[PDB]
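First up is the structure itself, then whatever we jot down about it.
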Amino acid sequence: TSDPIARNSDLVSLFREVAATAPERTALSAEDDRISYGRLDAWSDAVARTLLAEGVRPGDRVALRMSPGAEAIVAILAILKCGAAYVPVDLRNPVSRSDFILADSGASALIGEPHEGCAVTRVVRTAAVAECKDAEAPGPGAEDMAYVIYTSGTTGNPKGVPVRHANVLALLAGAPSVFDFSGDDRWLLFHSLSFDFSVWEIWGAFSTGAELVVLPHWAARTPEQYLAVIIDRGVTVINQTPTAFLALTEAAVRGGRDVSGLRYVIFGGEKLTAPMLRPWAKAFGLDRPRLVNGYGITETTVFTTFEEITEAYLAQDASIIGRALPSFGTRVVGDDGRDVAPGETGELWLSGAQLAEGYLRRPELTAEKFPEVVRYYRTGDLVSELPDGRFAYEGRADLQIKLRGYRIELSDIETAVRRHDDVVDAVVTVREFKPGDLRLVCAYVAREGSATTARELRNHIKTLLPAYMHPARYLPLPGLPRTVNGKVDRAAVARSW
Ligand SMILES: Nc1ncnc2c1ncn2[C@@H]1O[C@H](COP(=O)(O)OP(=O)(O)OP(=O)(O)O)[C@@H](O)[C@H]1O
């Protein structure tokens, strides 16, 4: 085969082949500074020698604390070329999360700038990366780790997820079943290196010989700045949370921007419902760019299913995540541990080449979350199958509560609220009204240009759910408060109430 993706079994070999084949092509750009594949390849080789001198060796985990930028990408390639895995540290982490990630992962060095109180003292500064810029071992194998990304810590300590070269290759080999990507694309490098969206941005581009456009620091703050850069730099592929897309749409329409240079907008991270999509579709259509909903998790290498948005999508009121990539086997599993009848909701279980090998130093959790039956991963997500094989995303599987004599599926209530045409987000929790008097309440976000009242939402909910599932109060917020991992800050919602 001529295809470098099919022919290579690790990311370093893939990169080197793509670079050597056409090394003058642009791999990465920062403003007008264009770094060719050849330049990037030599630069990262020089940085790798620097890491070898700090003792980095195959199997090491090297911390990375940098903004997404050219230096950060060189540092990733350098770490990988040493046969090591990178452990990205979000610059905005609470100090305690960064402290835990570094202790947990046993990081033996850090590239970039250490956080305040950082226990890793073996450091290669950003300046030392820049110094290698224009200079002149077997490398990793399929089964070696490429990175360790940590889950958000919703349920307990952040879980460290080691992802292998073979895992990433399997995702990259699967992408062309949904996407038409080529070497002429320009991908915006946007997300924190600590998010696995970043992994997709980087390798989506490198695996096809495409260019990674770096979002400049000056443009990091507003969607107007964001649009200005993507349009000016000829970006063709962007990756967004549905929430970011709301603000993007609003800035594009109001600013009269031309978005039609984009070929794909790819969503991940959150439910995507039609009220979030209809205004873009109204202004711009669904062809240029194509919009593609994506569902995935760190444990199964970034993305699992995709659904390209169509007119039909806009005409229904659920979040449809679509069909699994070709590497995956799937089950939808009841509470008794057995499959469910097609059409009914159960826990999504996943099998295949994209599954990680388990958590880092968590034998107990790994046995639980990665059962043999064929090895599976339990997502902790509820889904239901459509009569095509497409999945609808229902909610998290751990949101059943006991209240006032009922078991209550909060995810069901959230889903019912999100069916409303003028709602774009919602979270249902329990709060105290009078001592010993706890009730369901719902904080929600109205779509731009609307103002749905508590009375109207109550009226909508009573057509869908039994009275024991009715939120007792509604609270309109300008947006839901979020954590650094973007997970909705439930301490903050409490305070809002
Ligand atoms: N496209 C999507 N639609 C809806 N929800 C999503 C989507 N993508 C991710 N999520 C939610 O985010 C979760 C991934 O978050 P993360 O890896 O931080 O795990 P967590 O459960 O939040 O944290 P922890 O596992 O540490 O308790 C998914 O299981 C899913 O519930």
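Every chain in the structure tokens has a letter given in the order shown (A, B, ...), and although residue numbers restart at 1 in each chain, ligands are simply numbered from 1 in the order shown.
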- Who sits within 8 Å of residue A:123, only C-alpha atoms, same chain under 5 positions skipped, as a ChimeraX atom specification: /A:109-114
Output C-alpha atoms of each residue in that selection to a file, as a PDB file, in the first residue's frame.
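As a result, out_33.pdb now contains:
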ATOM      1  CA  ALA A 109      11.396  15.439  33.524  1.00  0.00           C
ATOM      2  CA  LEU A 110       9.336  18.408  32.349  1.00  0.00           C
ATOM      3  CA  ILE A 111       9.561  20.408  29.167  1.00  0.00           C
ATOM      4  CA  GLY A 112       8.338  23.990  29.305  1.00  0.00           C
ATOM      5  CA  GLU A 113       7.619  26.112  32.348  1.00  0.00           C
ATOM      6  CA  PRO A 114       7.126  24.490  35.805  1.00  0.00           C
TER       7      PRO A 114
END
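Considering only C-alpha atoms and all ligand atoms, the residues that reside within 7 Å of ligand 1 can be listed as residues 151, 152, 153, 154, 155, 156, 157, 158, 159, 268, 269, 270, 271, 272, 293, 294, 295, 296, 297, 298, 321, 379, 380, 381, 393, 395, 396, 485 and 487 of chain A.
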Would you save the residues of that selection, restricted to N, CA and C atoms, as a tab-separated table (two decimals), in the first residue's frame?
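File out_21.tsv, as written:
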chain	number	residue	atom	x	y	z
A	151	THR	N	-8.25	11.90	33.30
A	151	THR	CA	-9.69	12.19	33.35
A	151	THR	C	-9.94	13.33	34.34
A	152	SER	N	-11.14	13.91	34.29
A	152	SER	CA	-11.36	15.19	34.95
A	152	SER	C	-11.44	15.09	36.48
A	153	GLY	N	-11.69	13.89	36.99
A	153	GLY	CA	-11.79	13.67	38.43
A	153	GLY	C	-13.21	13.89	38.94
A	154	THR	N	-14.20	13.70	38.07
A	154	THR	CA	-15.61	13.80	38.45
A	154	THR	C	-15.94	12.91	39.67
A	155	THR	N	-15.58	11.62	39.59
A	155	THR	CA	-15.95	10.65	40.63
A	155	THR	C	-14.93	10.52	41.77
A	156	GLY	N	-13.65	10.66	41.45
A	156	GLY	CA	-12.58	10.50	42.43
A	156	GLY	C	-11.29	11.16	41.95
A	157	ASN	N	-10.14	10.67	42.40
A	157	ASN	CA	-8.86	11.15	41.87
A	157	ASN	C	-8.85	11.10	40.35
A	158	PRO	N	-8.19	12.08	39.70
A	158	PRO	CA	-8.03	11.96	38.25
A	158	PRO	C	-7.46	10.58	37.90
A	159	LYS	N	-8.02	9.92	36.90
A	159	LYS	CA	-7.48	8.64	36.45
A	159	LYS	C	-6.50	8.87	35.28
A	268	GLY	N	-17.07	17.78	20.00
A	268	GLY	CA	-16.80	16.74	20.98
A	268	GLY	C	-17.00	17.28	22.38
A	269	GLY	N	-17.11	16.39	23.36
A	269	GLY	CA	-17.10	16.84	24.74
A	269	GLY	C	-18.44	16.97	25.45
A	270	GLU	N	-19.50	17.27	24.71
A	270	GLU	CA	-20.81	17.61	25.27
A	270	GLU	C	-21.93	17.23	24.32
A	271	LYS	N	-23.15	17.16	24.85
A	271	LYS	CA	-24.33	16.93	24.01
A	271	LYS	C	-24.46	18.01	22.98
A	272	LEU	N	-24.88	17.60	21.80
A	272	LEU	CA	-25.11	18.54	20.72
A	272	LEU	C	-26.57	18.39	20.31
A	293	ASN	N	-20.99	15.82	14.47
A	293	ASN	CA	-21.02	15.52	15.89
A	293	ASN	C	-20.10	14.34	16.19
A	294	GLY	N	-19.37	14.42	17.29
A	294	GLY	CA	-18.46	13.35	17.64
A	294	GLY	C	-18.62	13.02	19.12
A	295	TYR	N	-18.59	11.73	19.43
A	295	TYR	CA	-18.57	11.28	20.81
A	295	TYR	C	-17.34	10.43	21.02
A	296	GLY	N	-16.67	10.64	22.15
A	296	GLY	CA	-15.51	9.84	22.49
A	296	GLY	C	-15.04	10.08	23.90
A	297	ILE	N	-14.06	9.28	24.34
A	297	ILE	CA	-13.52	9.39	25.69
A	297	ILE	C	-12.01	9.11	25.69
A	298	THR	N	-11.29	9.61	26.69
A	298	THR	CA	-9.85	9.37	26.72
A	298	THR	C	-9.51	7.87	26.65
A	321	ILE	N	-25.15	10.81	18.38
A	321	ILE	CA	-23.70	10.71	18.26
A	321	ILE	C	-23.26	9.83	17.07
A	379	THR	N	-18.17	2.64	29.50
A	379	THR	CA	-18.05	4.10	29.37
A	379	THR	C	-18.61	4.90	30.54
A	380	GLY	N	-19.54	4.32	31.30
A	380	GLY	CA	-20.28	5.10	32.28
A	380	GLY	C	-21.30	6.05	31.62
A	381	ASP	N	-21.55	5.85	30.32
A	381	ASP	CA	-22.49	6.64	29.53
A	381	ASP	C	-23.67	5.77	29.09
A	393	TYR	N	-27.15	9.72	22.40
A	393	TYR	CA	-26.51	9.85	23.70
A	393	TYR	C	-27.54	10.27	24.74
A	395	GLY	N	-27.13	10.18	28.61
A	395	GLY	CA	-26.55	10.91	29.74
A	395	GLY	C	-25.55	10.04	30.47
A	396	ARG	N	-25.05	10.49	31.62
A	396	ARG	CA	-24.15	9.67	32.42
A	396	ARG	C	-24.96	8.61	33.16
A	485	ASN	N	-11.36	21.37	33.09
A	485	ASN	CA	-11.66	20.33	32.10
A	485	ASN	C	-12.99	20.55	31.36
A	487	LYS	N	-16.09	20.64	32.60
A	487	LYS	CA	-17.08	19.66	33.05
A	487	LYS	C	-18.32	20.20	33.79
Near stretch 45-67 of chain A, 12 Å: stretch 203-261 of chain A residue rows, closest pairs, only C-alpha atoms, as a Markdown table:
| residue | atom | partner | partner_atom | distance |
| --- | --- | --- | --- | --- |
| A:214 | CA | A:67 | CA | 10.2 |
| A:215 | CA | A:67 | CA | 10.1 |
| A:216 | CA | A:67 | CA | 10.0 |
| A:217 | CA | A:67 | CA | 8.8 |
| A:220 | CA | A:67 | CA | 10.7 |
Output file for the selection above: N, CA, C and O atoms, as a PDB file, in the first residue's frame:
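Below is the file that was written, selection-v2.pdb:
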ATOM      1  N   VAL A 214      -1.515  27.472  14.290  1.00  0.00           N
ATOM      2  CA  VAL A 214      -1.539  27.782  15.710  1.00  0.00           C
ATOM      3  C   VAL A 214      -2.385  29.039  15.967  1.00  0.00           C
ATOM      4  O   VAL A 214      -2.209  30.039  15.293  1.00  0.00           O
ATOM      5  N   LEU A 215      -3.317  28.972  16.918  1.00  0.00           N
ATOM      6  CA  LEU A 215      -4.084  30.146  17.327  1.00  0.00           C
ATOM      7  C   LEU A 215      -3.139  31.029  18.123  1.00  0.00           C
ATOM      8  O   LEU A 215      -2.588  30.597  19.138  1.00  0.00           O
ATOM      9  N   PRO A 216      -2.921  32.268  17.663  1.00  0.00           N
ATOM     10  CA  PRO A 216      -2.008  33.130  18.430  1.00  0.00           C
ATOM     11  C   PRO A 216      -2.592  33.515  19.781  1.00  0.00           C
ATOM     12  O   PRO A 216      -3.819  33.580  19.949  1.00  0.00           O
ATOM     13  N   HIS A 217      -1.705  33.780  20.735  1.00  0.00           N
ATOM     14  CA  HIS A 217      -2.080  34.240  22.068  1.00  0.00           C
ATOM     15  C   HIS A 217      -3.010  35.445  22.054  1.00  0.00           C
ATOM     16  O   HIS A 217      -3.964  35.492  22.830  1.00  0.00           O
ATOM     17  N   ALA A 220      -6.738  34.425  21.681  1.00  0.00           N
ATOM     18  CA  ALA A 220      -7.168  33.312  22.528  1.00  0.00           C
ATOM     19  C   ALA A 220      -8.443  33.595  23.307  1.00  0.00           C
ATOM     20  O   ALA A 220      -9.017  32.706  23.923  1.00  0.00           O
TER      21      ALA A 220
END
- Task: Mind checking which residues fall within 7 Å of residue A:90, counting only C-alpha atoms, ignoring those fewer than 6 positions away in the same chain, and posting them as a VMD selection string?
- Result: chain A and resid 65 192 to 194
- Item | Counting only C-alpha atoms, the option among A:317, A:385, A:311, A:144 closest to residue A:333 |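 Nearest to residue A:333: A:385.
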- Item | Those of stretch 33-270 of chain A in DSSP helix (DSSP H, G or I), formatted as a count of residues only | 95
